[PDB]
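Below is one structure, written out as structure tokens, with a few remarks after it.
What follows is calculated from the coordinates using simple rules that are stated; it is not laboratory data. Here the Cβ positions follow ideal geometry from the backbone for every residue, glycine too, while neighbour counts run over all protein chains shown.
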Amino acid sequence: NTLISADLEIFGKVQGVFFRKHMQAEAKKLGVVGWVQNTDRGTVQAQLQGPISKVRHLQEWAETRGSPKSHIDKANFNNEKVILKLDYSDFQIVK
């Protein structure tokens, strides 16, 4: 039904801990597409697209679960918009 696109950035101990791999794995199970990236500021950034329910599940994962060794201090969500079709075919880990 309703598709959304939404940005996020996660802060804390979030690099070097398989965060990108685990986020990608969860997104693929959920049917969420887009990308995730390590920033040069020690944070993780992503864009998520998909059915709102599935995006919400992945956003919850990013904010409260993460990978086993990650510690999440904060999660920022913004630029959410309703979209009519997906701009991505799957969820990529990007450099």
Check: Over the chain, what is the relative contact order in whole percent, taking alpha-carbon pairs under 8 Å and six or more residues apart?
Finding: 47 percent
Margin query: How tilted is helix 19-30 with respect to the longest principal axis of the chain? Cα atoms for both, answer in degrees (0 to 90, nearest 10).
Written below: 30 degrees
Next item on the list: Could you work out how far apart the two model spin labels at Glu60 and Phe77 are, taking each label as a point 7 Å from the Cα in the direction of the beta carbon, and quote it in nm?
Entry: 1.1 nm
Notebook entry, point to check: Measuring from label point to label point, each 7 Å out along Cα→Cβ, what is the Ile93 to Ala25 span in nm?
Noted result: 1.0 nm
Next item on the list: First obtain the Kirkwood hydrodynamic radius of the chain from its Cα pairs, then insert it into the Stokes-Einstein equation at 20 °C and 1.002 mPa s, and state the resulting D in µm² per second as a whole number.
Entry: 166 µm²/s
Notebook entry, point to check: Calculated FRET efficiency, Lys85 and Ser53, Cβ-Cβ r, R0 25 Å, to nearest 0.05?
Noted result: 0.90
